[PDB]
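Trainee: Sequence positions in the sequence shown follow PDB author numbering and run 311 to 394, 429 to 514, 574 to 602.
Here a beta-carbon is modelled for each residue, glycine too, at the ideal position from N, C-alpha and C.
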Amino acid sequence: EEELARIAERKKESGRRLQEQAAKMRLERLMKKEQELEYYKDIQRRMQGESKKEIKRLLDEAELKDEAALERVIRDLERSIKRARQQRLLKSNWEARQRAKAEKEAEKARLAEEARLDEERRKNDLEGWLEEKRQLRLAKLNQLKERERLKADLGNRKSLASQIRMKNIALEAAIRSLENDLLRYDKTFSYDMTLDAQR
Numbered sequence: 311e312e313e314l315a316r317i318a319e320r321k322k323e324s325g326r327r328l329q330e331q332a333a334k335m336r337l338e339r340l341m342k343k344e345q346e347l348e349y350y351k352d353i354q355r356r357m358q359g360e361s362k363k364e365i366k367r368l369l370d371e372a373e374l375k376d377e378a379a380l381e382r383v384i385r386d387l388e389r390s391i392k393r394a429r430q431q432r433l434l435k436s437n438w439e440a441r442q443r444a445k446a447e448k449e450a451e452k453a454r455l456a457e458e459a460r461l462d463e464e465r466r467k468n469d470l471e472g473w474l475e476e477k478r479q480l481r482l483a484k485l486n487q488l489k490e491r492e493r494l495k496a497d498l499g500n501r502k503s504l505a506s507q508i509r510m511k512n513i514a574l575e576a577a578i579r580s581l582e583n584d585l586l587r588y589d590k591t592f593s594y595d596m597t598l599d600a601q602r
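1. Relative to the C-alpha of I578, which candidate in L480, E451, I508 has its C-alpha closest?
2. Pick out whichever of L488, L504, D584 has its Cα sitting closest to the Cα of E575.
3. Provide the residue span of the alpha helix (DSSP H) that contains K445, from first to last.
4. Could you round the C-beta distance between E377 and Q431 to whole angstroms and report it? I think they count as a contact, below 8 Å.
5. Could you tell me whether the segment 582-601 touches the segment 491-502, where touching means 3 or more Cβ pairs closer than 8 Å?
6. Within 10 angstroms of the Cβ of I317, are there 16 or more other Cβ atoms? Answer buried if so, exposed if not.
7. For the alpha helix (DSSP H) that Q507 lies in, which residues bound it at each end?
8. Within this structure, are the beta carbons of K484 and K448 separated by less than 8 Å?
9. Who are the Cβ neighbours of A394 in its own chain at under 7 Å, not counting the five residues just before and after it?
10. Between which two residues does the alpha helix (DSSP H) harbouring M341 extend?
11. Short check: CB of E346 to CB of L387, under 8 Å?
12. Let me know the secondary structure DSSP gives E373 once reduced to three states.
13. With a threshold of 8 Å on Cβ separation, who are the neighbours of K375 within its own chain once the five nearest residues in sequence on each side are excluded?
14. Under a Cβ-count criterion, where at least 16 other Cβ atoms within 10 Å of its own Cβ denotes burial, should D589 be classed as buried or exposed?
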């Protein structure tokens, strides 16, 4: 069994190191992408400050056409960071770490708040609250079935990509979660309904 601990050490340490590698990459992305967000905002602010003729040429500093497109990538950067002598620098790095921490902590609160509503919707509007989940599952099923069908529709013949490119040139966890609550509280729902049982 001593080898099993040693293997477990390798498994534990290698897995942890890989997670550290992703975190290190993502923590690096924290400073850069927050600063890129700050960079984009300064482009917006300066663009907003300068004459109305300047809008696209100044936002070209963010290499984007309009604040809507810049907001889209901003939101994705915001999503990403939300989804994610040296003492001067260390505090800045420490700041970047803390910034994302607040974003996720507020996310958990937002999810918890969303849960609090659903708790009371469930506790009082149960049938409608369950009917929500059923139809959501049906949509998610339709989406997955279409996605699974698309995964047959795609690859059907390689040059599909190169054909269509000429036009230019010239769900799982959700389905599971919905099922889990139905199994918990929709006593009319049953495991044989699930995609799990269906496979």
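Mentor: Working from what's here:
1. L480
2. The candidate whose alpha carbon is nearest that of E575 is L488.
3. Per DSSP, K445 belongs to the alpha helix (DSSP H) from 430-468.
4. Your pair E377 and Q431 does not check out as a contact, with CB atoms roughly 37 Å apart and the cut at 8 Å.
5. no
6. exposed
7. 504-513
8. No; because the gap between Cβ atoms is not below 8 Å, this pair is not in contact.
9. Only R336, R339, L340, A444 meet the Cβ criterion.
10. Per DSSP, the continuous alpha helix (DSSP H) segment holding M341 begins and ends at 312-359.
11. For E346 and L387, yes; Cβs fall inside 8 Å.
12. In the structure shown, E373 sits in coil (DSSP, three-state: anything other than H, G, I, E or B).
13. Excluding sequence neighbours, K375 sits near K366, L369.
14. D589 counts as buried, since at least 16 other C-beta atoms from the protein chains shown sit within 10 angstroms of its C-beta.
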